[PDB]
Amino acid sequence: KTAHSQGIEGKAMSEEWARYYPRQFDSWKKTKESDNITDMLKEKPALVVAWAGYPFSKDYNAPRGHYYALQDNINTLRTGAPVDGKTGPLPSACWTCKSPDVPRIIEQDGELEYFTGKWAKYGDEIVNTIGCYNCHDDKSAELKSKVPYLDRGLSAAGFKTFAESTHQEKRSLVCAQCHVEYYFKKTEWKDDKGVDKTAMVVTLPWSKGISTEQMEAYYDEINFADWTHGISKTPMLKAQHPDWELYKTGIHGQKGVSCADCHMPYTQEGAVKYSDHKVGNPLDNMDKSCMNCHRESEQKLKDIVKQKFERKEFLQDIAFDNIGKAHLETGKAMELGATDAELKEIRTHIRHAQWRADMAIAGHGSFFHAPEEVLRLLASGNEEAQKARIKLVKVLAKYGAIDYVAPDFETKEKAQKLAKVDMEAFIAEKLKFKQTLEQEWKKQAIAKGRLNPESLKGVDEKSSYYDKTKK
């Protein structure tokens, strides 16, 4: 039993847990150190063509420290510029994996109500970032999954629920509350007062299993599309950080090595063992993260990972180049008057190509977590994309355009022009929101006592569209 056996008042605010766990609080806060913004649309402008007609063609950066998750949610152009709790492009579900205020609100209002409405609905309530309460019971301090969709997905794919799993299983599943692929399943429901509502509910596409191909069958069976492509009008699927599913999968996952083993390694101090809560890049910390199970140099091992990264880049760039070309060639065929029936098989190829390639690259550690599956997926994706292009040559031929050359998209600017993204307009609208409604959120939350301004230190210094310089 703990020094807080009856619970913690203000549990959602990680700082409340500091009185019991100063060591874990101090390392947890250090993810403030991972403050770099890598604009992935800038590195990989092919992704803009890929995501044409979708919010990720606006703004898409690489992950940084958990210290930034809530602010990044607010900052991304993907969440747009709500003017109140009923406006803005995105639903309430976008909060789900960013805040210990999520379980707080779910446990107070119910899952369906939580998943009902606009992201802006909870702006002055969902104010704390990735916190102790996302992973830990506030009485026992035991690892807990705080989100019901995870057990739902687990069961569906035949795994044990969180409660049913081993401790070593749990040390990965806590991560898997967030670090998995999801879709929003539009859900009709009735409240306590009898009103008709519609919830958009986080759903793990795991009921045929956790492989890319099994999820592909899942989505195909239900004829699901995340968006209709802005250039090719293909019914598209978006992969988002299938980190756990692919880790599963890979030799370390197979061997039973948990996420926490590399990302939260132990420091022994006599009778007391302590987990590093500074979740970051394990290569920054190889003695503790790797060298319990690996003999031989840090350096050789860092070089082996670099080599994996470069193999992944190689196949990634190929796949997304042919994916991009295929979308563009398809838009061209459309302009020339080619029919839906004439393009249906092409579009199915593009949908599958991109599903597989996105599933490979959407988890930023997968190139390491499951290198062979990653390469196999990117190679499989590219093959679908190439089959699309061979068929496209013929369709273009049929309409007099066999010599058509898809435009280039080697810069983010050129790519966003093709995708018809008025980023400037979006940034302007965004800043206005940050300057007005965002500050009203943070002011109100601080007044209500839901937010401690200590947690805002350097959290809002950078985004893909500004950089004050300091974070």
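Heads up, when I say rigid core I mean the largest set of C-alphas that superpose within 1.5 Å between the two forms. Don't overthink the numbering: it's just position in the shown sequence, from 1.
- Larger average C-alpha displacement in 5 other deposited structures of this protein, relative to the shown form after a rigid core fit, is seen for 270-278 when comparing 255-263 with 270-278.
- If you average the C-alpha B-factors over 268-276 and over 210-218, the higher value belongs to 268-276.
- Of the two stretches examined, 134-142 and 290-298, the record assigns the greater average C-alpha temperature factor to 290-298.
- For the set 358, 329, 243, 192, the PDB entry puts the maximum C-alpha B factor at 192.
- Within the group 248, 229, 389, 179, the record's highest C-alpha temperature factor is found at 248.
- Annotation for residue 159: C-alpha temperature factor in the highest third relative to the rest of the modelled chain, per the entry.
- Annotation for residue 128: C-alpha temperature factor in the lowest third relative to the rest of the modelled chain, per the entry.
- Among the modelled residues of its chain, residue 304 has a C-alpha B-factor that falls in the highest third according to the deposited record.
- Residue-level temperature factors show residue 121 in the middle third of its chain, judged at the C-alpha atom.
- Ranked by Cα temperature factor within the chain, residue 316 sits in the lowest third according to the deposited record.
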